[PDB]
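In: Give the three-dimensional model of this entry:
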Amino acid sequence: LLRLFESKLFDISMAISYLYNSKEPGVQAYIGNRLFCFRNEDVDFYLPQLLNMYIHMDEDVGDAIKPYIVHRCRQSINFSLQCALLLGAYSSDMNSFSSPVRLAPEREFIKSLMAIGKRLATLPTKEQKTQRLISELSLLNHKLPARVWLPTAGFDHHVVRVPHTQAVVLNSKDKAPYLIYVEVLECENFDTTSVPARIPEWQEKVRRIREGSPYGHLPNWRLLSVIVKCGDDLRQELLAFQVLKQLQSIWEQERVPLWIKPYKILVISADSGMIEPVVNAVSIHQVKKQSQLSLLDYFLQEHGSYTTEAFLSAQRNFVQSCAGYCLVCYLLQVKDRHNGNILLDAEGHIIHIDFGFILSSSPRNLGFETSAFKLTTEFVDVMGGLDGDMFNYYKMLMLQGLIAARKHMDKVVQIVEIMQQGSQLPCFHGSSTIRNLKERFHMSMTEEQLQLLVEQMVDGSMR
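Out: Numbers count the residues shown, from 1 in each chain. See the structure here:
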């Protein structure tokens, strides 16, 4: 990056860009110095890129980023957790606050949940884990409240109680994950305001938890959920998260209706993680079993009838959501798609989860056929028909997105590119990985050929 940004107008991502790219001697320190000039909310999104560059790059580069993080660690305890964890995970093959015990409670709390998860390997069947999971988890209230929080929460807080009885285990595997509801009281600033005290005393689980809760009567009291995956590496899933979030912005910016829901991801380790779960949405395989209906019939059942606003509105959300996830999958080269991967929210979008196979990483065995977003003939019904009032909407939507993506391409590729350094992940295969990302954007293509490319995409999808 050539010096020669002496033209204009910095933006956080361009900064990240010069910082990663320039081979010039004075500039890296320089960007490190302008980082201070940025909204802390905006830089934070880039945390994993900052510590990755830190870990696997030049001393010039690490010394550059160094002072920003120290300034931010000092000011934000949650921030320090983040840096700590990230430093753990991204290196392989390479008021008590600002005192050594500062993150101690928190550590034990995470260590706790993770240990709970590991202990579930002996019990072969799901229901056994659950009953034992609640049995183990209940104890943990002995320790609460405390100075501990769920990094997932977009707001400062203290975790005051865990409604143990409502915890659940999702599968029977050894490394089987588990969902749990966690009550918390909200702060203005975690760092300043101190720990609260005991009272040993749909999404409406909330209502019944609160009514059944000692702290429930509170104004702050808010309920959170997390999926605690003790043996599953989330670093890739996270990268997926980063790209989803970005495309979300981009389309918001270019005023493109497309609809996707990035859900938060917490990398607690190289084998560990936590995921903010999607709520009120269901699995489509579940819908087929439970309802014993065509997807279209499910809609006609669940939201209104052909001319109801319930229906019309649901199905619009289906199309926009469907279009967005087709674009996301395409660009990101997502794989291992199937009915357990795609949800349906109560309002009728679809939501893709389990971003484990992306970019260069392909699932094994599976010799015969690619595992990928397919537009099923069952879908096409919900939309219209191949020739259908809204199927043409679907296509254009994809096109408009595909365009705006091209506009902002740099932002998107930047996230993945930086994260490649020193990674052992499967999604990275040399310089293919980036090369084919870019070619996937077709920068050189005219909107005509793009409209066509889309036509080919869709036809190519249904097979």
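In: Do a quick rundown of the strands in the chain.
Out: 157-161, 168-169, 178-186, 222-229, 265-266, 273-275, 281-282, 342-345, 350-352 (DSSP state E).
In: which one of those lies closest to residue 3?
Out: strand 265-266 (36.1 Å; Cβ to Cβ). To be clear about C-beta, it is placed using only N, CA and C from the backbone, and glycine gets the same treatment.
In: Residues contacting the closest one, please?
Out: Residues outside strand 265-266 that contact it (Cβ atoms under 8 Å, 6 or more residues apart in numbering) are 85, 151, 152, 234, 237, 238, 241, 273, 274, 275, 276.
In: Need the nearest residue in space to the first one, chain neighbours excluded.
Out: The spatial neighbour of residue 85 that comes closest, neighbours along the chain excluded (Cβ to Cβ, 6 or more residues apart in numbering), is residue 268 at 5.8 Å.
In: tell me the contacts of the one you found?
Out: 85, 89, 110, 114, 234, 274.
In: export those to CSV and tack on neighbour count and distance to residue 212?
Out: As requested, the contacts of residue 268 are exported to CSV (neighbours: other Cβ atoms under 10 Å; distance: Cβ to Cβ, whole Å):
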residue, neighbour count, distance to residue 212
85, 21, 33
89, 22, 37
110, 22, 26
114, 20, 27
234, 24, 32
274, 23, 25
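In: thought residue 146 was touching residue 158?
Out: Yes. Applying Cβ atoms under 8 Å as the test, residue 146 and residue 158 come out as touching, 7.4 Å apart.
In: Residues that sit against both of the two, list them.
Out: The contact lists of residue 146 and residue 158 share residue 195, where a contact means Cβ under 8 Å, 6+ apart.
In: between these two, which one's more packed in?
Out: residue 158 (20 against 15; other Cβ atoms under 10 Å).
In: Surely that one is in contact with residue 184?
Out: Yes. In this structure, residue 158 is within contact of residue 184 by Cβ under 8 Å, at 6.3 Å.
In: Identify, by residue count, the longest helix of the protein.
Out: helix 309-332 (DSSP state H).
In: mind listing what's buried in that helix?
Out: 311, 314-332 (16 or more other Cβ atoms under 10 Å).
In: outside of stretch 1-11, which residues touch it?
Out: Taking Cβ under 8 Å, 6+ apart as the rule, stretch 1-11 contacts 14, 17, 18, 21, 22, 24, 27, 34.
In: how about the first one, what does it touch?
Out: Contacts for residue 14 were tallied using Cβ under 8 Å, 6+ apart; they are residue 5.
In: Kindly recompute the last result at 7 Å.
Out: Residue 14 sits next to no residue when contact means Cβ atoms under 7 Å, 6 or more residues apart in numbering.
In: Give me the distance from stretch 139-153 to the chain's centre.
Out: Relative to the chain's own centre, stretch 139-153 is displaced by 22 Å; criterion: Cα atoms, centre = their mean, to the nearest Å.
In: Please read the previous query as pertaining to stretch 53-70.
Out: Using Cα atoms, centre = their mean, the offset of stretch 53-70 from its chain centre is 25 Å.
In: Which parts of the stretch 101-250 of the chain are helices?
Out: Listed in chain order, the helices of the stretch 101-250 of the chain (DSSP state H, counting those that start in this stretch) span 104-118, 126-137, 205-211, 235-253.
In: Show me which positions of the shortest one end up buried.
Out: The reference is to helix 205-211. 206, 209, 210.
In: do the longest one as well
Out: Neighbour counts over helix 235-253 (16+ other Cβ under 10 Å) mark 235-248, 250-251 as buried.
In: quick revisit: let's have the contacts of stretch 1-11 in a markdown table, adding distance to residue 131.
Out: Output for the contacts of stretch 1-11, formatted as a markdown table (distance: Cβ to Cβ, whole Å):
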| residue | distance to residue 131 |
| --- | --- |
| 14 | 53 |
| 17 | 52 |
| 18 | 55 |
| 21 | 54 |
| 22 | 57 |
| 24 | 61 |
| 27 | 59 |
| 34 | 55 |
